[PDB]
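S.K.: input.cif (mmCIF, N, CA and C atoms and all ligand atoms) pasted underneath:
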```
data_data
loop_
_atom_site.label_atom_id
_atom_site.label_comp_id
_atom_site.auth_asym_id
_atom_site.auth_seq_id
_atom_site.Cartn_x
_atom_site.Cartn_y
_atom_site.Cartn_z
N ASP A 1 6.12 -13.22 11.40
CA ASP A 1 5.01 -14.15 11.54
C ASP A 1 5.44 -15.62 11.39
N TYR A 2 6.06 -15.96 10.28
CA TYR A 2 6.55 -17.31 10.27
C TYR A 2 7.45 -17.38 11.49
N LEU A 3 8.20 -16.32 11.78
CA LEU A 3 9.14 -16.49 12.87
C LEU A 3 8.26 -16.66 14.09
N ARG A 4 7.25 -15.84 14.15
CA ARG A 4 6.39 -15.96 15.26
C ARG A 4 5.80 -17.36 15.35
N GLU A 5 5.52 -18.03 14.24
CA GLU A 5 4.80 -19.29 14.41
C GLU A 5 5.73 -20.37 14.87
N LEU A 6 7.00 -20.23 14.55
CA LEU A 6 7.94 -21.19 15.03
C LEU A 6 8.11 -20.77 16.45
N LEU A 7 7.83 -19.52 16.76
CA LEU A 7 8.00 -19.19 18.14
C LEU A 7 6.91 -19.88 18.94
N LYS A 8 5.83 -20.31 18.33
CA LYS A 8 4.76 -20.86 19.11
C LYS A 8 4.74 -22.38 19.02
N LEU A 9 5.25 -22.89 17.91
CA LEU A 9 5.32 -24.32 17.77
C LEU A 9 6.32 -24.73 18.80
N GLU A 10 7.44 -24.00 18.85
CA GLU A 10 8.44 -24.28 19.86
C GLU A 10 7.83 -24.24 21.29
N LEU A 11 7.13 -23.14 21.58
CA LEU A 11 6.28 -23.00 22.76
C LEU A 11 5.45 -24.24 23.01
N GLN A 12 4.80 -24.72 21.97
CA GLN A 12 3.89 -25.85 22.19
C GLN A 12 4.73 -27.04 22.55
N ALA A 13 5.92 -27.05 21.99
CA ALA A 13 6.80 -28.19 22.08
C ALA A 13 7.15 -28.24 23.53
N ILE A 14 7.37 -27.07 24.09
CA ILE A 14 7.75 -27.02 25.45
C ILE A 14 6.67 -27.64 26.32
N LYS A 15 5.41 -27.32 26.07
CA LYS A 15 4.45 -27.72 27.06
C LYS A 15 4.26 -29.21 27.03
N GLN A 16 4.47 -29.82 25.87
CA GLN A 16 4.28 -31.26 25.73
C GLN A 16 5.45 -32.09 26.20
N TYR A 17 6.64 -31.60 25.97
CA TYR A 17 7.77 -32.35 26.43
C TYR A 17 7.76 -32.17 27.92
N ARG A 18 7.19 -31.07 28.38
CA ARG A 18 7.08 -30.87 29.80
C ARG A 18 6.22 -31.96 30.41
N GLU A 19 4.99 -32.05 29.96
CA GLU A 19 4.07 -33.00 30.54
C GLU A 19 4.71 -34.40 30.44
N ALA A 20 5.25 -34.73 29.28
CA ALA A 20 5.67 -36.10 29.06
C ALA A 20 6.84 -36.40 29.97
N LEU A 21 7.74 -35.43 30.12
CA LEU A 21 8.80 -35.56 31.12
C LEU A 21 8.05 -35.87 32.40
N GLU A 22 6.97 -35.18 32.64
CA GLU A 22 6.44 -35.24 33.97
C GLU A 22 6.04 -36.69 34.25
N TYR A 23 5.75 -37.44 33.20
CA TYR A 23 5.11 -38.75 33.41
C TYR A 23 5.99 -39.92 33.10
N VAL A 24 7.03 -39.70 32.32
CA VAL A 24 7.96 -40.79 32.04
C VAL A 24 9.43 -40.48 32.34
N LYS A 25 9.74 -39.25 32.71
CA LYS A 25 11.07 -38.98 33.23
C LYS A 25 12.18 -39.62 32.41
N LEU A 26 12.03 -39.71 31.10
CA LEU A 26 13.21 -40.12 30.39
C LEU A 26 14.20 -38.97 30.27
N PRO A 27 15.35 -39.12 30.90
CA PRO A 27 16.41 -38.13 30.75
C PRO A 27 16.30 -37.54 29.35
N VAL A 28 16.27 -38.38 28.31
CA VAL A 28 16.29 -37.78 26.97
C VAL A 28 15.22 -36.75 26.62
N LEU A 29 13.99 -36.93 27.04
CA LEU A 29 13.09 -35.83 26.76
C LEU A 29 13.70 -34.60 27.43
N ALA A 30 14.43 -34.83 28.52
CA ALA A 30 15.01 -33.72 29.27
C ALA A 30 15.85 -32.91 28.35
N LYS A 31 16.79 -33.56 27.69
CA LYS A 31 17.71 -32.79 26.86
C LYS A 31 16.98 -32.10 25.70
N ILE A 32 15.96 -32.72 25.11
CA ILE A 32 15.39 -32.06 23.93
C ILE A 32 14.75 -30.84 24.45
N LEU A 33 14.01 -31.03 25.52
CA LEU A 33 13.33 -29.92 26.18
C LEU A 33 14.28 -28.71 26.21
N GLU A 34 15.55 -28.92 26.57
CA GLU A 34 16.36 -27.75 26.87
C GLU A 34 16.76 -27.10 25.58
N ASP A 35 16.75 -27.90 24.52
CA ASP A 35 17.01 -27.44 23.18
C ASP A 35 15.83 -26.57 22.69
N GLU A 36 14.63 -26.70 23.28
CA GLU A 36 13.44 -25.97 22.75
C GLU A 36 13.24 -24.69 23.51
N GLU A 37 13.95 -24.61 24.62
CA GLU A 37 13.96 -23.43 25.43
C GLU A 37 14.92 -22.50 24.74
N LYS A 38 16.00 -23.11 24.24
CA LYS A 38 17.02 -22.45 23.42
C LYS A 38 16.37 -21.98 22.17
N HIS A 39 15.70 -22.87 21.47
CA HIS A 39 15.14 -22.37 20.22
C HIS A 39 14.35 -21.14 20.53
N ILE A 40 13.61 -21.18 21.61
CA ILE A 40 12.92 -20.00 22.04
C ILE A 40 13.82 -18.78 22.07
N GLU A 41 14.88 -18.82 22.86
CA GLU A 41 15.59 -17.58 23.01
C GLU A 41 16.10 -17.15 21.67
N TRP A 42 16.57 -18.10 20.88
CA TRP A 42 17.10 -17.73 19.55
C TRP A 42 15.98 -17.04 18.83
N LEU A 43 14.84 -17.65 18.83
CA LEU A 43 13.76 -16.95 18.25
C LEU A 43 13.54 -15.58 18.85
N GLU A 44 13.55 -15.46 20.18
CA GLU A 44 13.06 -14.19 20.74
C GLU A 44 13.98 -13.07 20.26
N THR A 45 15.27 -13.35 20.29
CA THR A 45 16.22 -12.33 19.94
C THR A 45 15.85 -11.98 18.54
N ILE A 46 15.68 -12.97 17.68
CA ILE A 46 15.38 -12.53 16.35
C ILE A 46 14.09 -11.78 16.38
N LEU A 47 13.16 -12.20 17.21
CA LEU A 47 11.81 -11.66 17.07
C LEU A 47 11.67 -10.30 17.70
N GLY A 48 10.45 -9.90 18.01
CA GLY A 48 10.28 -8.65 18.70
C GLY A 48 11.38 -8.52 19.76
N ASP B 1 0.97 -43.08 23.44
CA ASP B 1 0.50 -41.96 22.61
C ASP B 1 1.26 -40.63 22.61
N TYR B 2 1.42 -40.05 23.79
CA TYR B 2 2.18 -38.83 23.88
C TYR B 2 3.45 -38.99 22.96
N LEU B 3 4.04 -40.18 22.88
CA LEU B 3 5.24 -40.31 22.03
C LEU B 3 4.98 -39.97 20.56
N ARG B 4 3.92 -40.57 20.01
CA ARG B 4 3.48 -40.23 18.67
C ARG B 4 3.15 -38.77 18.58
N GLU B 5 2.48 -38.25 19.57
CA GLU B 5 2.26 -36.84 19.52
C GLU B 5 3.58 -36.15 19.37
N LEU B 6 4.59 -36.55 20.13
CA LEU B 6 5.76 -35.69 20.13
C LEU B 6 6.36 -35.79 18.75
N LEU B 7 6.46 -37.02 18.29
CA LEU B 7 6.79 -37.34 16.92
C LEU B 7 6.10 -36.43 15.95
N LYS B 8 4.79 -36.29 16.08
CA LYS B 8 4.14 -35.44 15.12
C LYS B 8 4.60 -34.02 15.25
N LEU B 9 4.64 -33.51 16.46
CA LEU B 9 5.11 -32.17 16.64
C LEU B 9 6.38 -31.94 15.86
N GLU B 10 7.34 -32.83 16.01
CA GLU B 10 8.67 -32.44 15.54
C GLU B 10 8.72 -32.56 14.03
N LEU B 11 7.95 -33.52 13.52
CA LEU B 11 7.75 -33.65 12.09
C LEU B 11 7.04 -32.36 11.60
N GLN B 12 6.03 -31.86 12.33
CA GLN B 12 5.40 -30.60 11.99
C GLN B 12 6.60 -29.69 11.93
N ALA B 13 7.39 -29.71 12.99
CA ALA B 13 8.37 -28.65 13.18
C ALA B 13 9.33 -28.78 12.07
N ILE B 14 9.96 -29.93 11.96
CA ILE B 14 11.01 -29.99 10.99
C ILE B 14 10.52 -29.45 9.65
N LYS B 15 9.27 -29.75 9.31
CA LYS B 15 8.70 -29.24 8.07
C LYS B 15 8.65 -27.71 7.90
N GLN B 16 8.05 -26.97 8.83
CA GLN B 16 8.09 -25.48 8.78
C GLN B 16 9.49 -24.87 8.92
N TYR B 17 10.36 -25.44 9.75
CA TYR B 17 11.68 -24.85 9.86
C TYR B 17 12.38 -24.84 8.53
N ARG B 18 12.11 -25.88 7.77
CA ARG B 18 12.66 -25.98 6.46
C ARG B 18 12.11 -24.89 5.54
N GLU B 19 10.80 -24.70 5.51
CA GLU B 19 10.24 -23.71 4.62
C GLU B 19 10.78 -22.37 5.05
N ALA B 20 10.81 -22.17 6.35
CA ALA B 20 11.27 -20.90 6.86
C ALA B 20 12.72 -20.79 6.42
N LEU B 21 13.46 -21.89 6.47
CA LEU B 21 14.90 -21.76 6.22
C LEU B 21 15.01 -21.47 4.77
N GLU B 22 13.96 -21.85 4.06
CA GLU B 22 13.84 -21.68 2.64
C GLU B 22 13.59 -20.24 2.28
N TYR B 23 12.65 -19.62 2.96
CA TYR B 23 12.20 -18.33 2.49
C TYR B 23 13.29 -17.29 2.75
N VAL B 24 14.09 -17.50 3.78
CA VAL B 24 15.10 -16.54 4.23
C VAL B 24 16.19 -17.37 4.85
N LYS B 25 17.43 -17.27 4.38
CA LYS B 25 18.46 -18.24 4.76
C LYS B 25 19.28 -18.00 6.04
N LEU B 26 18.59 -17.87 7.17
CA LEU B 26 19.26 -17.52 8.41
C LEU B 26 19.76 -18.70 9.13
N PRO B 27 21.07 -18.76 9.24
CA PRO B 27 21.73 -19.97 9.71
C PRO B 27 21.11 -20.42 11.03
N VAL B 28 20.56 -19.50 11.80
CA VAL B 28 19.93 -20.00 13.00
C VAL B 28 18.95 -21.06 12.65
N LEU B 29 18.07 -20.84 11.69
CA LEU B 29 17.04 -21.83 11.47
C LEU B 29 17.64 -23.20 11.12
N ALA B 30 18.74 -23.25 10.39
CA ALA B 30 19.20 -24.59 10.01
C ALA B 30 19.83 -25.15 11.23
N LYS B 31 20.45 -24.29 12.05
CA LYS B 31 21.02 -24.76 13.30
C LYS B 31 19.93 -25.41 14.12
N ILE B 32 18.73 -24.86 14.04
CA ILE B 32 17.59 -25.53 14.64
C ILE B 32 17.12 -26.75 13.86
N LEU B 33 17.22 -26.81 12.54
CA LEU B 33 16.84 -28.11 12.00
C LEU B 33 17.67 -29.23 12.62
N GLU B 34 18.99 -29.06 12.73
CA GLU B 34 19.78 -30.22 13.11
C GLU B 34 19.33 -30.69 14.49
N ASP B 35 18.96 -29.76 15.36
CA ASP B 35 18.43 -30.10 16.67
C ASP B 35 17.17 -30.94 16.51
N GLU B 36 16.18 -30.39 15.83
CA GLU B 36 14.94 -31.12 15.70
C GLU B 36 15.28 -32.44 15.01
N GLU B 37 16.25 -32.44 14.11
CA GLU B 37 16.75 -33.71 13.61
C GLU B 37 17.28 -34.72 14.65
N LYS B 38 17.91 -34.26 15.71
CA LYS B 38 18.32 -35.17 16.80
C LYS B 38 17.13 -35.65 17.56
N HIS B 39 16.19 -34.75 17.80
CA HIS B 39 15.08 -35.15 18.62
C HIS B 39 14.30 -36.20 17.91
N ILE B 40 14.07 -36.01 16.63
CA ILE B 40 13.29 -37.03 15.97
C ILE B 40 14.04 -38.36 16.10
N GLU B 41 15.36 -38.30 15.98
CA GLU B 41 16.16 -39.51 16.10
C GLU B 41 15.77 -40.10 17.35
N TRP B 42 15.74 -39.28 18.39
CA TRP B 42 15.61 -39.80 19.74
C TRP B 42 14.23 -40.28 19.96
N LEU B 43 13.26 -39.51 19.49
CA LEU B 43 11.88 -39.98 19.56
C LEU B 43 11.79 -41.37 18.92
N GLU B 44 12.33 -41.54 17.71
CA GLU B 44 12.29 -42.87 17.12
C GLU B 44 12.87 -43.98 18.02
N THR B 45 13.96 -43.70 18.72
CA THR B 45 14.50 -44.75 19.58
C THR B 45 13.51 -45.09 20.70
N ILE B 46 13.00 -44.05 21.34
CA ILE B 46 12.08 -44.33 22.40
C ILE B 46 10.98 -45.11 21.76
N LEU B 47 10.68 -44.84 20.50
CA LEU B 47 9.59 -45.58 19.90
C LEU B 47 10.12 -46.91 19.43
N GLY B 48 11.42 -47.09 19.58
CA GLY B 48 12.00 -48.39 19.33
C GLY B 48 12.09 -48.86 17.90
CO CO A 101 12.83 -26.63 18.96
CO CO A 102 12.46 -30.70 18.83
#
```
Translate the structure of the given file into structure tokens.

M.R.:
Amino acid sequence: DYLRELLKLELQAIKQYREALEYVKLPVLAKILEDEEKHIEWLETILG
Amino acid sequence: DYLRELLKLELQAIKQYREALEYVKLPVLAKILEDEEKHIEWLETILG
């Protein structure tokens, strides 16, 4: 569950860095974004 | 605004990752703190 909630905060993180990338195209949001996709997989493996 | 939002997210995040890293010491989670630690760095720069 805590793992699950970080699984969703990370999820949320994705959708927002997504939109914001969409509107300001700062390369840097780009890189963090990819780090949150990672956090996801790390989470998923740990998770269900 | 979206910048402050992102800021808040990661501050949210950094906070739970810590408790989680607290309750059970899985190096993955700290590996994720350092990431969220870079992002906040970066968010701060964009925020100047
Ligand atoms: Co993350
Ligand atoms: Co982050």

S.K.: Which neighbours of stretch 30-40 of chain A fall inside 7 Å, counting only C-alpha atoms, when residues of the same chain fewer than 4 positions from it are skipped, and could you give them as a list in words?

M.R.: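 Non-adjacent residues within range: residues 7, 10, 14, 17, 21, 26 and 44 of chain A; 32 and 39 of chain B.
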
S.K.: Figure out the distance between atom CA of residue B:1 and atom N of residue A:8, please, to one decimal in Å.

M.R.: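 So the two atoms, atom N of residue A:8 and atom CA of residue B:1, lie 22.7 Å apart.
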
S.K.: Fit chain B to chain A: least squares, all C-alpha atoms, paired in order; write the output as a PDB file with N, CA and C atoms, in the coordinates of the input.

M.R.:
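Generated output (result_30.pdb):
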```
ATOM      1  N   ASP B   1       5.430 -13.043  10.204  1.00  0.00           N
ATOM      2  CA  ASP B   1       4.568 -14.129  10.697  1.00  0.00           C
ATOM      3  C   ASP B   1       5.158 -15.516  10.970  1.00  0.00           C
ATOM      4  N   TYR B   2       5.777 -16.097   9.954  1.00  0.00           N
ATOM      5  CA  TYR B   2       6.413 -17.374  10.151  1.00  0.00           C
ATOM      6  C   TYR B   2       7.161 -17.325  11.537  1.00  0.00           C
ATOM      7  N   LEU B   3       7.737 -16.188  11.917  1.00  0.00           N
ATOM      8  CA  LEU B   3       8.451 -16.163  13.210  1.00  0.00           C
ATOM      9  C   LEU B   3       7.552 -16.494  14.404  1.00  0.00           C
ATOM     10  N   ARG B   4       6.402 -15.814  14.463  1.00  0.00           N
ATOM     11  CA  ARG B   4       5.399 -16.129  15.462  1.00  0.00           C
ATOM     12  C   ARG B   4       4.962 -17.558  15.337  1.00  0.00           C
ATOM     13  N   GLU B   5       4.758 -18.013  14.132  1.00  0.00           N
ATOM     14  CA  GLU B   5       4.441 -19.401  14.020  1.00  0.00           C
ATOM     15  C   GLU B   5       5.511 -20.198  14.700  1.00  0.00           C
ATOM     16  N   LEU B   6       6.777 -19.874  14.473  1.00  0.00           N
ATOM     17  CA  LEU B   6       7.767 -20.826  14.945  1.00  0.00           C
ATOM     18  C   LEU B   6       7.708 -20.788  16.451  1.00  0.00           C
ATOM     19  N   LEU B   7       7.682 -19.574  16.962  1.00  0.00           N
ATOM     20  CA  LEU B   7       7.402 -19.294  18.351  1.00  0.00           C
ATOM     21  C   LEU B   7       6.296 -20.153  18.884  1.00  0.00           C
ATOM     22  N   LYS B   8       5.168 -20.185  18.191  1.00  0.00           N
ATOM     23  CA  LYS B   8       4.107 -20.988  18.735  1.00  0.00           C
ATOM     24  C   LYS B   8       4.478 -22.439  18.757  1.00  0.00           C
ATOM     25  N   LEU B   9       5.007 -22.940  17.664  1.00  0.00           N
ATOM     26  CA  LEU B   9       5.414 -24.312  17.648  1.00  0.00           C
ATOM     27  C   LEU B   9       6.197 -24.651  18.892  1.00  0.00           C
ATOM     28  N   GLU B  10       7.185 -23.841  19.214  1.00  0.00           N
ATOM     29  CA  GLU B  10       8.145 -24.342  20.198  1.00  0.00           C
ATOM     30  C   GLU B  10       7.538 -24.239  21.583  1.00  0.00           C
ATOM     31  N   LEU B  11       6.691 -23.225  21.748  1.00  0.00           N
ATOM     32  CA  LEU B  11       5.896 -23.091  22.953  1.00  0.00           C
ATOM     33  C   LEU B  11       4.956 -24.323  23.029  1.00  0.00           C
ATOM     34  N   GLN B  12       4.334 -24.733  21.911  1.00  0.00           N
ATOM     35  CA  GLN B  12       3.533 -25.941  21.889  1.00  0.00           C
ATOM     36  C   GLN B  12       4.520 -26.946  22.425  1.00  0.00           C
ATOM     37  N   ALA B  13       5.693 -26.981  21.816  1.00  0.00           N
ATOM     38  CA  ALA B  13       6.582 -28.115  22.026  1.00  0.00           C
ATOM     39  C   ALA B  13       6.966 -28.073  23.447  1.00  0.00           C
ATOM     40  N   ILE B  14       7.563 -26.979  23.870  1.00  0.00           N
ATOM     41  CA  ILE B  14       8.085 -27.013  25.202  1.00  0.00           C
ATOM     42  C   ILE B  14       7.022 -27.523  26.171  1.00  0.00           C
ATOM     43  N   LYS B  15       5.774 -27.126  25.946  1.00  0.00           N
ATOM     44  CA  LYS B  15       4.685 -27.599  26.791  1.00  0.00           C
ATOM     45  C   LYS B  15       4.460 -29.121  26.856  1.00  0.00           C
ATOM     46  N   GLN B  16       4.277 -29.802  25.726  1.00  0.00           N
ATOM     47  CA  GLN B  16       4.188 -31.290  25.724  1.00  0.00           C
ATOM     48  C   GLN B  16       5.462 -32.011  26.181  1.00  0.00           C
ATOM     49  N   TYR B  17       6.645 -31.506  25.837  1.00  0.00           N
ATOM     50  CA  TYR B  17       7.836 -32.200  26.287  1.00  0.00           C
ATOM     51  C   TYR B  17       7.881 -32.279  27.787  1.00  0.00           C
ATOM     52  N   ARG B  18       7.379 -31.227  28.399  1.00  0.00           N
ATOM     53  CA  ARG B  18       7.307 -31.183  29.820  1.00  0.00           C
ATOM     54  C   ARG B  18       6.336 -32.233  30.361  1.00  0.00           C
ATOM     55  N   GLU B  19       5.135 -32.316  29.810  1.00  0.00           N
ATOM     56  CA  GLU B  19       4.175 -33.265  30.324  1.00  0.00           C
ATOM     57  C   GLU B  19       4.754 -34.641  30.114  1.00  0.00           C
ATOM     58  N   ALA B  20       5.336 -34.831  28.949  1.00  0.00           N
ATOM     59  CA  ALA B  20       5.883 -36.130  28.636  1.00  0.00           C
ATOM     60  C   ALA B  20       6.983 -36.361  29.658  1.00  0.00           C
ATOM     61  N   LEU B  21       7.745 -35.325  29.982  1.00  0.00           N
ATOM     62  CA  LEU B  21       8.918 -35.573  30.828  1.00  0.00           C
ATOM     63  C   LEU B  21       8.363 -35.884  32.167  1.00  0.00           C
ATOM     64  N   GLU B  22       7.137 -35.426  32.365  1.00  0.00           N
ATOM     65  CA  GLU B  22       6.397 -35.598  33.583  1.00  0.00           C
ATOM     66  C   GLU B  22       5.916 -37.016  33.736  1.00  0.00           C
ATOM     67  N   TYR B  23       5.327 -37.552  32.688  1.00  0.00           N
ATOM     68  CA  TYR B  23       4.629 -38.805  32.859  1.00  0.00           C
ATOM     69  C   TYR B  23       5.648 -39.928  33.055  1.00  0.00           C
ATOM     70  N   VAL B  24       6.830 -39.774  32.486  1.00  0.00           N
ATOM     71  CA  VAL B  24       7.866 -40.809  32.479  1.00  0.00           C
ATOM     72  C   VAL B  24       9.172 -40.065  32.431  1.00  0.00           C
ATOM     73  N   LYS B  25      10.071 -40.270  33.389  1.00  0.00           N
ATOM     74  CA  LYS B  25      11.228 -39.383  33.537  1.00  0.00           C
ATOM     75  C   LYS B  25      12.507 -39.678  32.732  1.00  0.00           C
ATOM     76  N   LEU B  26      12.373 -39.742  31.410  1.00  0.00           N
ATOM     77  CA  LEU B  26      13.491 -40.134  30.571  1.00  0.00           C
ATOM     78  C   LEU B  26      14.336 -38.993  30.192  1.00  0.00           C
ATOM     79  N   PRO B  27      15.563 -39.038  30.666  1.00  0.00           N
ATOM     80  CA  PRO B  27      16.444 -37.882  30.583  1.00  0.00           C
ATOM     81  C   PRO B  27      16.496 -37.372  29.145  1.00  0.00           C
ATOM     82  N   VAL B  28      16.276 -38.237  28.174  1.00  0.00           N
ATOM     83  CA  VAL B  28      16.270 -37.677  26.842  1.00  0.00           C
ATOM     84  C   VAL B  28      15.312 -36.544  26.776  1.00  0.00           C
ATOM     85  N   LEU B  29      14.088 -36.700  27.247  1.00  0.00           N
ATOM     86  CA  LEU B  29      13.137 -35.632  27.040  1.00  0.00           C
ATOM     87  C   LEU B  29      13.617 -34.318  27.675  1.00  0.00           C
ATOM     88  N   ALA B  30      14.287 -34.364  28.812  1.00  0.00           N
ATOM     89  CA  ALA B  30      14.627 -33.069  29.412  1.00  0.00           C
ATOM     90  C   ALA B  30      15.764 -32.552  28.613  1.00  0.00           C
ATOM     91  N   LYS B  31      16.618 -33.452  28.108  1.00  0.00           N
ATOM     92  CA  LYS B  31      17.709 -33.019  27.252  1.00  0.00           C
ATOM     93  C   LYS B  31      17.135 -32.276  26.069  1.00  0.00           C
ATOM     94  N   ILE B  32      15.985 -32.727  25.595  1.00  0.00           N
ATOM     95  CA  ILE B  32      15.272 -31.961  24.588  1.00  0.00           C
ATOM     96  C   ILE B  32      14.594 -30.714  25.138  1.00  0.00           C
ATOM     97  N   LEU B  33      14.111 -30.674  26.372  1.00  0.00           N
ATOM     98  CA  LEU B  33      13.624 -29.352  26.748  1.00  0.00           C
ATOM     99  C   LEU B  33      14.717 -28.298  26.600  1.00  0.00           C
ATOM    100  N   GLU B  34      15.937 -28.573  27.068  1.00  0.00           N
ATOM    101  CA  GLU B  34      16.892 -27.478  27.120  1.00  0.00           C
ATOM    102  C   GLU B  34      17.124 -26.961  25.704  1.00  0.00           C
ATOM    103  N   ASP B  35      17.108 -27.851  24.720  1.00  0.00           N
ATOM    104  CA  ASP B  35      17.229 -27.457  23.326  1.00  0.00           C
ATOM    105  C   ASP B  35      16.087 -26.519  22.958  1.00  0.00           C
ATOM    106  N   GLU B  36      14.864 -26.993  23.115  1.00  0.00           N
ATOM    107  CA  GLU B  36      13.746 -26.166  22.724  1.00  0.00           C
ATOM    108  C   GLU B  36      13.841 -24.884  23.550  1.00  0.00           C
ATOM    109  N   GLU B  37      14.317 -24.970  24.781  1.00  0.00           N
ATOM    110  CA  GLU B  37      14.635 -23.749  25.504  1.00  0.00           C
ATOM    111  C   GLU B  37      15.635 -22.777  24.843  1.00  0.00           C
ATOM    112  N   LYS B  38      16.631 -23.277  24.143  1.00  0.00           N
ATOM    113  CA  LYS B  38      17.538 -22.394  23.381  1.00  0.00           C
ATOM    114  C   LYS B  38      16.837 -21.812  22.200  1.00  0.00           C
ATOM    115  N   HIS B  39      16.036 -22.631  21.537  1.00  0.00           N
ATOM    116  CA  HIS B  39      15.427 -22.135  20.334  1.00  0.00           C
ATOM    117  C   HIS B  39      14.490 -21.031  20.678  1.00  0.00           C
ATOM    118  N   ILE B  40      13.711 -21.213  21.721  1.00  0.00           N
ATOM    119  CA  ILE B  40      12.794 -20.139  22.020  1.00  0.00           C
ATOM    120  C   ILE B  40      13.615 -18.873  22.287  1.00  0.00           C
ATOM    121  N   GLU B  41      14.742 -19.041  22.966  1.00  0.00           N
ATOM    122  CA  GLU B  41      15.596 -17.899  23.259  1.00  0.00           C
ATOM    123  C   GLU B  41      15.834 -17.269  21.990  1.00  0.00           C
ATOM    124  N   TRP B  42      16.204 -18.074  21.006  1.00  0.00           N
ATOM    125  CA  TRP B  42      16.714 -17.534  19.758  1.00  0.00           C
ATOM    126  C   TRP B  42      15.606 -16.941  18.981  1.00  0.00           C
ATOM    127  N   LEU B  43      14.477 -17.634  18.948  1.00  0.00           N
ATOM    128  CA  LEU B  43      13.303 -17.053  18.305  1.00  0.00           C
ATOM    129  C   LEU B  43      13.039 -15.666  18.902  1.00  0.00           C
ATOM    130  N   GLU B  44      13.006 -15.551  20.232  1.00  0.00           N
ATOM    131  CA  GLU B  44      12.804 -14.227  20.803  1.00  0.00           C
ATOM    132  C   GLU B  44      13.795 -13.160  20.294  1.00  0.00           C
ATOM    133  N   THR B  45      15.059 -13.522  20.127  1.00  0.00           N
ATOM    134  CA  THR B  45      15.992 -12.512  19.634  1.00  0.00           C
ATOM    135  C   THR B  45      15.617 -12.083  18.210  1.00  0.00           C
ATOM    136  N   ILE B  46      15.367 -13.072  17.368  1.00  0.00           N
ATOM    137  CA  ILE B  46      15.025 -12.709  16.026  1.00  0.00           C
ATOM    138  C   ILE B  46      13.813 -11.848  16.157  1.00  0.00           C
ATOM    139  N   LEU B  47      12.974 -12.104  17.148  1.00  0.00           N
ATOM    140  CA  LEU B  47      11.786 -11.283  17.246  1.00  0.00           C
ATOM    141  C   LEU B  47      12.148 -10.004  17.957  1.00  0.00           C
ATOM    142  N   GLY B  48      13.392  -9.929  18.395  1.00  0.00           N
ATOM    143  CA  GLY B  48      13.893  -8.683  18.928  1.00  0.00           C
ATOM    144  C   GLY B  48      13.381  -8.234  20.274  1.00  0.00           C
TER     145      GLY B  48
END
```

S.K.: Listed atoms of stretch 20-23 of chain A, axis-aligned box, 6 Å per side: centre and edge lengths to one decimal in Å, as AutoDock Vina command-line options?

M.R.:
```
--center_x 7.0 --center_y -37.3 --center_z 31.7 --size_x 15.7 --size_y 17.2 --size_z 17.2
```

S.K.: Which is closest to ligand CO 101 (chain A) among A:45, A:22, A:5, A:13, if we use only C-alpha atoms and all ligand atoms?

M.R.: A:13

S.K.: Enter the distance from atom N of residue B:9 to atom N of residue A:4, in Å, rounded to one decimal.

M.R.: 18.0 Å

S.K.: Counting all atoms listed in the file, which of A:11, A:2, A:47, A:25 gets nearest to chain B?

M.R.: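 Result for the nearest residue to chain B: A:2.
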
S.K.: Report, in Å to a single decimal, how far apart atom C of residue B:16 and atom C of residue A:46 are.

M.R.: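 It comes out at 15.8 Å.
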
S.K.: Dump stretch 27-40 of chain A with C-alpha atoms to a file, as a PDB file, in the first residue's frame.

M.R.:
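This went into out-v4.pdb:
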```
ATOM      1  CA  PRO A  27      14.356  19.559 -22.040  1.00  0.00           C
ATOM      2  CA  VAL A  28      14.789  19.270 -18.274  1.00  0.00           C
ATOM      3  CA  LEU A  29      11.251  18.334 -17.451  1.00  0.00           C
ATOM      4  CA  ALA A  30      12.025  15.752 -20.125  1.00  0.00           C
ATOM      5  CA  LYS A  31      14.710  14.081 -18.140  1.00  0.00           C
ATOM      6  CA  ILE A  32      12.821  14.062 -14.838  1.00  0.00           C
ATOM      7  CA  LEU A  33       9.876  12.613 -16.610  1.00  0.00           C
ATOM      8  CA  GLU A  34      11.990   9.655 -17.671  1.00  0.00           C
ATOM      9  CA  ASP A  35      13.145   9.172 -14.123  1.00  0.00           C
ATOM     10  CA  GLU A  36       9.430   8.812 -13.043  1.00  0.00           C
ATOM     11  CA  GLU A  37       8.733   6.221 -15.637  1.00  0.00           C
ATOM     12  CA  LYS A  38      11.679   4.401 -14.097  1.00  0.00           C
ATOM     13  CA  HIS A  39      10.436   4.884 -10.631  1.00  0.00           C
ATOM     14  CA  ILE A  40       7.342   3.262 -11.940  1.00  0.00           C
TER      15      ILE A  40
END
```
